[PDB]
2 protein chains.
Amino acid sequence: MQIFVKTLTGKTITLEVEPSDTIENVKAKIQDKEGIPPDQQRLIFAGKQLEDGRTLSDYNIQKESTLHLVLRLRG
Amino acid sequence: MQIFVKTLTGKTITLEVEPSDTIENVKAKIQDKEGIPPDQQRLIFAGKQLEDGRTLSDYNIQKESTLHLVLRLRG
């Protein structure tokens, strides 16, 4: 399914994912498309930062949901 | 049977449909004739937005009925 990731500069990137994917897997896809190391990525949905080892379905992230990406250092 | 679809600009398009067709099937016919993706389509009859998985007969939509089409984003 398609989901969106929106950054602090307002940019949106579109990802093709599956509900069984982990948040780490989504970060790897962001690394594939955008060159950002997963350890420099924070993904936020429903107002909370998401844990790398849980799945999109664990967070009820649905088709056409928007995640928010915040970059940070260290890792 | 023949039915009409009227837009917010007042334009009417004519469709040939069957009472057993789903609303999604009508949206696919609108996509065929007019290029609008079904996910950008809202169809309204008797004042209510119609659900994609129900049929024209479920809504008692008869020969020469007019549906109202409202476009929207996201999907």
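Conventions we followed
Residues numbered from 1 in each chain as written, not as in the entry; some residues may be left out. Chains lettered and ligands numbered in written order. Heavy atoms only, no water. Residues with missing side-chain atoms left out of burial classes, pairs and counts. Salt bridge = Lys/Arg side-chain N within 4 Å of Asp/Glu carboxyl O. Helix = DSSP H or I, 4+ residues; strand = E, 2+ residues; numbered from the N terminus. Buried < 20%, exposed > 50% of the residue type's maximum accessible area, 1.4 Å probe, protein only. Pairing = 2+ DSSP bridges. Polar contact = N/O pair within 3.5 Å; in protein donor to acceptor, adjacent residues only side chain to side chain. Contact = heavy atoms within 4.5 Å.

Going by the annotation in the PDB entry, the name recorded for chain A is Ubiquitin, with Homo sapiens given as the source organism.

Asker: For this particular structure, what's the right way to read the pattern of salt bridges?
Answerer: Oppositely charged side chains may form a pair once their charged atoms are brought near each other. Residue and element names in this part refer to chain B. Tallied over the entire structure, the rule returns 8 salt bridges over all chains. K11 is the salt-bridge partner of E34, the closest N and O atoms lying 3.4 Å from each other. One end of the pair, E34, is in helix α1 (residues 23-34); the other, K11, is in the loop between β1 (2-7) and β2 (12-16), with 23 residues separating them in the sequence. Given a relative accessible area of 42%, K11 falls into the partly exposed group. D52 is the partner of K27 in a salt bridge, and the nearest nitrogen-oxygen pair spans 2.7 Å. Within this pair, whereas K27 is found in helix α1, its partner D52 is found in the loop between β4 (48-49) and β5 (66-71), the two being separated by 25 residues in sequence. The class of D52 is partly exposed, set by a relative accessible area of 34%.

Asker: Where do I start with the sheet that holds β5(B) in this structure?
Answerer: Residue and element names in this part refer to chain B. The 5 strands are arranged β2-β1-β5-β3-β4 in an open sheet whose pairing can be described as mixed. Either end of the sheet is taken by a strand with one partner, and the two such strands are β2 and β4. With 2 bridges connecting them, strand β3 (residues 41-45) and β4 associate as antiparallel partners. Looking across to β4, one finds that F45 is bridged to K48.

Asker: For this particular structure, what's the right way to read the side chain of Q41(A)?
Answerer: Checked against the element boundaries, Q41(A) lands in strand β3 (residues 41-45). Classification of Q41(A) as buried rests on a relative accessible area of 3%.

Asker: Would you mind going over the side chain of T55(B) with me for this structure?
Answerer: Residue and element names in this part refer to chain B. With respect to the helices, strands and loops of the structure, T55 is situated in the loop between β4 and β5. Take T55: its relative accessible area is 14%, and that puts it in the buried class. Side chain to side chain, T55 and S57 meet in a polar contact 3.0 Å long. Those residues in contact with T55, other than ones at most four positions away along the chain, are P19, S20, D21 and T22.

Asker: It is not clear to me how the pairing of strand β2 (residues 12-16) of chain A should be interpreted in this structure. Could you clarify?
Answerer: Looking along a regular strand, one sees side chains alternate from face to face of the sheet. All names here are of chain A. Of the two faces of β2, the one holding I13 and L15 is buried and the one holding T12, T14 and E16 is not buried anywhere. With 5 bridges joining them, strand β1 (residues 2-7) and β2 adopt antiparallel strand pairing. Pairing of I3 across the sheet is with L15, part of β2. The turn linking β1 back onto β2 is made up of 4 residues, and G10 within it adopts a positive phi angle of 90°.

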